[PDB]
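Only one chain comes next, encoded as structure tokens, the form deposited without the named molecule.
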């Protein structure tokens, strides 16, 4: 099981937000901590993606683009997994030092987005997603959002994505169609969540200095240059179902 060996081997370890849990929960503090967490996880996502089977087959520019478009979906998917794994789904396990209870979901001003993420977390439970289904789905997520004008080498991308789909199907196969159906619906359900988070972070970046939220430099760059391409519809998710 070469493919599965790789995905398991490359899976990132624990990442902390560096949040001060001893201090009363403010909007500014919670959101600055989520931003810092995002920046730290982006480093890990980049090294993960580069080690994925076939990833180096893409043009350098497509490598960068797929990561910049997909990171929100990928991080949310992993966060959902951690959440089923560690806590119990009233809660969102962003990091060991950054666990959201309902009170925090409210103070972050992200309550409804958090409700969507928790629904995702719960779905992993209800579908009884295996660790190996999780790993293959996460890999697929990196190849599920592209510019409508195409990538530099769209042909290699379409081939990469096909191969990850085949890998998910094998992991299922090893009825079957019911399971593939359910997993593809679950993958699709990540995309509305990512879209609402993209809107939210974009708004927050615009009004950031007003509300005293810090955006690390890499975060501010991607949210101002790449996230607006998704919100304006220049970059769109690939859905399995209509």
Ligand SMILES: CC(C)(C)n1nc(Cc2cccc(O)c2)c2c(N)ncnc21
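Residue numbers count along the first chain shown, from 1.
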| item | value |
| --- | --- |
| Size class of the missing deposited segment between residue 174 and residue 175 | 4 to 9 |
| Residue range whose averaged C-alpha B-factor is higher in the record, 33-41 or 213-221 | 213-221 |
| 65-73 versus 22-30 - greater average Cα B-factor per the deposited record | 22-30 |
| Highest recorded Cα temperature factor - choice among 109, 82, 161, 138 | 109 |
| Per the PDB entry, maximal CA B factor within 129, 151, 78, 98 | 151 |
| Third assignment of residue 60 from its chain's C-alpha B-factors | highest |
| Chain-relative CA temperature factor third for residue 198 | lowest |
| Residue 208 CA temperature factor, ranked by third within the chain | highest |
| CA B-factor ranking of residue 89, expressed as a third of its chain | highest |
| Third assignment of residue 133 from its chain's C-alpha B-factors | lowest |
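One more form of this protein exists, namely the form deposited with the named molecule bound; it is left out here, but the text below deals with it.
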{"item": "Non-hydrogen atom within 4.5 angstroms of the named molecule in the deposited bound form for each of 50, 64 and 67", "value": "yes"}
{"item": "Contact label in the deposited bound form: residue 10 to the named molecule, heavy atom within 4.5 Å", "value": "no"}
{"item": "Residue 187, heavy atom within 4.5 angstroms of the named molecule in the deposited bound form", "value": "no"}
{"item": "Partner contact for residue 46 in the deposited bound form: the named molecule, 4.5 angstroms, heavy atom", "value": "yes"}
{"item": "Residues in 222-242 with any heavy atom within 4.5 Å of the named molecule in the deposited bound form", "value": "222"}
